[PDB]
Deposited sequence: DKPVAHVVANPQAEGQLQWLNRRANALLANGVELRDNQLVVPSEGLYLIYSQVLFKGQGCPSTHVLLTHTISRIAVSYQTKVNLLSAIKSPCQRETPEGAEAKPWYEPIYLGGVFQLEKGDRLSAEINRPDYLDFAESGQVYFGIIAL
């Protein structure tokens, strides 16, 4: 009965990383954000896949970050890659103490580079400890 979530990205969304409604024991998906049903320790994780065709002239940075909106806002986890056909994953994860009704966003800078070749390989989840 411990809160758990695992949302996957909508491949058919336009210029957005958008999460599709596992969402169990009180975790909600609202406003593209995971809402935590109770205070406690949560493992938070995500994976986004990026792909591109060759290397252009403007230098490509790929960013991915998980943020906590404490209903204050702050970056929990963030990573950046500089890919310059190329393929890059960015993973994030850790344990955090969260408050009831906190909201969690997992965001990127370049939705156009998203790689939906493998289904459900772009995800975001939490598991309460």
Where does the model have holes with respect to the deposited sequence? 22-26, 77-79, 93-103
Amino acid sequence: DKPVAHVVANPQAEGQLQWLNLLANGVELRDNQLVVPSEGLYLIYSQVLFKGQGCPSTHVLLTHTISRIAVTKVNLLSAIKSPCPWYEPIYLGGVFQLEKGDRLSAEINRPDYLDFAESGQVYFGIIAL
From here on, numbers count along this sequence of modelled residues.
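We call the rigid core whatever largest set of C-alpha positions still superposes within 1.5 Å between the two forms.
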Greatest C-alpha divergence in 6 other deposited structures of this protein once each structure is fitted on the rigid core, 8-16 or 102-110: 8-16
Greatest C-alpha divergence in 6 other deposited structures of this protein once each structure is fitted on the rigid core, 42-50 or 72-80: 72-80
Residue gap status of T63, at least a third of other entries: no
Could you check which stretch, 32-40 or 88-96, carries the larger mean CA temperature factor in the entry? 32-40
Would you mind comparing 72-80 and 52-60 for me and telling me which has the higher average C-alpha temperature factor in the entry? 52-60
Which is it among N25, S105, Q12, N109: the one with the largest CA B-factor in the entry? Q12
